[PDB]
Structure formats: structure tokens, C-alpha cells
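**Q** Here it is, the structure, as C-alpha cells.
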Amino acid sequence: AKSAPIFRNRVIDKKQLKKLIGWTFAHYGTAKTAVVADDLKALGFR
Amino acid sequence: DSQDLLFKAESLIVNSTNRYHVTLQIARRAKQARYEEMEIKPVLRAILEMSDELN
Amino acid sequence: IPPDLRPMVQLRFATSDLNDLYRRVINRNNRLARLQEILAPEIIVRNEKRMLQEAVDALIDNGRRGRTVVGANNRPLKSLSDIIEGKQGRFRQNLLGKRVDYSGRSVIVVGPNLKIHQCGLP
């Protein structure tokens, strides 16, 4: 925790999503990485 | 909730330094729980208790 | 080998090839004993001894040394060695991998509203 996310003001391809997931795992843990992946899945599907 | 249990699980996996040892402890605790309760599910209560004991 | 490891079940009767191999060994052994009891000509006794050797060979490992003993259909009989070797052998079919209870199998569809730690079970 305690690591504020950066505002990614850019296009988001698969590489950016993978980078974001890796950053989330490295800084926040494995269950916030799971939550973030589910939220991104919902947003992309919508 | 399920999410709560998942966070507590992750919390116990860390600060233990051995995922196997802490899985064995959770198994033992849940076994004792159900044994002295037959007199929620055991593994769940075990994880709740162990998380609440980590302060 | 114990009879339940070479079962002779009734469906017709389904028999393991070990029964036939053991019967060949026993028949040749009994005939050899009879030949040794009546003082048969030496060539006949020697040929019976060769037959006993071949029958025991086919029992231990069919087709290793001589010809392969086929069954009712033209297929090799499964001897003792053929049970413990190969991908269909004992080690790889029953010891390193087993069919287990409390198991199911079904087609998979996508559940988009599920969570990563959840599955949809019929």
C-alpha cells in the first residue's frame, strides 16, 4: 500500500495492462491485484 | 465476505515466511475448531481467528 | 499369481491370458513327468523339456526369446512382463496416475460476471 497510482494519460494496449498488473502486484499484494484485474475486465467488457 | 477471507488469507501467508507451514497450522486449527464445536465452516473460522490474532 | 489378479469372470467367461500361460506350463510339466515315469525315448523327453522351457519363457515374458504365443485371435498373450511395463503398464496406468472418485467432467462456457476466485458449477 501507500503507493499512490500514477495517472496514465496515454493509450492502454496489452503491454500497458500487463505493466499495470505487475506494478499492482509489486506494490499492493495479490488480492488487490486480483481486484484490479476484475475491475479492468469489467471496464473492458463494458 | 469472500473478498474479506481472501484478504485475510493473503495477510496470513505473509509474516509467516512459509506458506506450507501456515497452511498446516490453518488445517490443524480448523480441525480442532470443528472437533470442539460438534459437541460457518472450520477452515473459514480458523482463518478468521488467526487473522484476528495477528493484530 | 493369486487368482483374483488373473480374474476369470462371467459376463460368457472372460479370462486373463495368465490362465492360458499357466495351463501350458502345467500341461507340459505333467507330460514331462509322465515321460520320465515310463522311460520314454531320450529325444521325446528332451523335446518335452524344451517345450517346458519355452512355456515358462512365454509365461515370464512372451516373445522375448522365441516365437510369440498368440491367443484365439492372432494377438500376443499378455504375460507377466507385459503387465508392469509400457504406457499401459502397472506403474504408469495405476501407480503414477489413477482414476479418482468425487470427480466430474463437463464443457466449459465463459462466466463474465464471476470473480477470479469463483467458478460456475452446474
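Just remember, in the C-alpha cells the first chain shown is A, the second B, etc., residues are 1-based per chain, and ligands are 1-based in the order shown.
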I'd like the neighbourhood of residue 1 (chain B) as a PyMOL selection string, where a residue qualifies if any of its atoms comes within 12 Å (using only C-alpha atoms), though same-chain residues fewer than 3 positions away should be ignored.
**A** chain B and resi 4-8+40+44+48
**Q** Using only C-alpha atoms, please write the residues we just selected to a file, as an mmCIF file, in the first residue's frame.
**A**
data_model
loop_
_atom_site.group_PDB
_atom_site.id
_atom_site.type_symbol
_atom_site.label_atom_id
_atom_site.label_comp_id
_atom_site.auth_asym_id
_atom_site.auth_seq_id
_atom_site.Cartn_x
_atom_site.Cartn_y
_atom_site.Cartn_z
ATOM 1 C CA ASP B 4 -12.607 -10.472 3.235
ATOM 2 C CA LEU B 5 -11.457 -14.081 3.547
ATOM 3 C CA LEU B 6 -9.152 -13.600 0.555
ATOM 4 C CA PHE B 7 -7.524 -10.545 2.146
ATOM 5 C CA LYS B 8 -7.126 -12.354 5.468
ATOM 6 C CA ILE B 40 -19.592 -21.257 9.189
ATOM 7 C CA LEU B 44 -13.019 -20.253 7.345
ATOM 8 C CA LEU B 48 -10.788 -15.518 10.706
#
**Q** Based on the backbone DSSP call, show me all residues of chain C assigned strand (DSSP E or B), as a PDB file with N, CA and C atoms, in the first residue's frame.
**A**
ATOM      1  N   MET C   8     -11.149 -64.682 -13.642  1.00  0.00           N
ATOM      2  CA  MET C   8     -11.948 -65.423 -14.607  1.00  0.00           C
ATOM      3  C   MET C   8     -13.408 -65.120 -14.295  1.00  0.00           C
ATOM      4  N   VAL C   9     -13.897 -64.010 -14.828  1.00  0.00           N
ATOM      5  CA  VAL C   9     -15.244 -63.547 -14.537  1.00  0.00           C
ATOM      6  C   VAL C   9     -16.209 -64.045 -15.602  1.00  0.00           C
ATOM      7  N   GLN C  10     -17.495 -63.996 -15.276  1.00  0.00           N
ATOM      8  CA  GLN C  10     -18.559 -64.386 -16.187  1.00  0.00           C
ATOM      9  C   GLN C  10     -19.344 -63.146 -16.584  1.00  0.00           C
ATOM     10  N   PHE C  13     -17.469 -66.330 -20.289  1.00  0.00           N
ATOM     11  CA  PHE C  13     -16.418 -66.206 -19.290  1.00  0.00           C
ATOM     12  C   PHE C  13     -15.261 -65.412 -19.879  1.00  0.00           C
ATOM     13  N   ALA C  14     -14.879 -64.332 -19.209  1.00  0.00           N
ATOM     14  CA  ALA C  14     -13.728 -63.538 -19.612  1.00  0.00           C
ATOM     15  C   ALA C  14     -12.538 -63.952 -18.756  1.00  0.00           C
ATOM     16  N   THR C  15     -11.464 -64.400 -19.404  1.00  0.00           N
ATOM     17  CA  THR C  15     -10.297 -64.937 -18.718  1.00  0.00           C
ATOM     18  C   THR C  15      -9.036 -64.157 -19.063  1.00  0.00           C
ATOM     19  N   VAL C  70       0.300 -66.537 -29.601  1.00  0.00           N
ATOM     20  CA  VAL C  70      -0.928 -65.805 -29.890  1.00  0.00           C
ATOM     21  C   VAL C  70      -2.101 -66.476 -29.191  1.00  0.00           C
ATOM     22  N   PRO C  76      -0.818 -61.279 -29.498  1.00  0.00           N
ATOM     23  CA  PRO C  76       0.023 -61.814 -28.421  1.00  0.00           C
ATOM     24  C   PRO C  76      -0.716 -61.893 -27.094  1.00  0.00           C
TER      25      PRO C  76
END
**Q** Enumerate as number ranges by chain the residues belonging to chain A that approach chain B to within 8 Å, with only C-alpha atoms taken into account.
**A** A: 29-31
**Q** Residues of chain A were defined as contacting chain C if any atom lay at most 10 Å from it, counting only C-alpha atoms; please report them as a count of residues only.
**A** 8
**Q** In Å, rounded to a single decimal, give me how far CA of residue 4 (chain C) is from CA of residue 28 (chain C).
**A**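 Spanning CA of residue 28 (chain C) to CA of residue 4 (chain C) is a straight-line distance of 24.1 Å.
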**Q** Go through B:33, B:24, B:12, B:18 and flag the residue nearest residue 46 (chain B), using only C-alpha atoms for the distances.
**A**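 When distances to residue 46 (chain B) are compared using only C-alpha atoms, the smallest one comes from B:33.
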**Q** Return as a ChimeraX atom specification the full set of residues in chain A whose backbone-based DSSP assignment is helix (DSSP H, G or I).
**A** /A:14-28,30-45
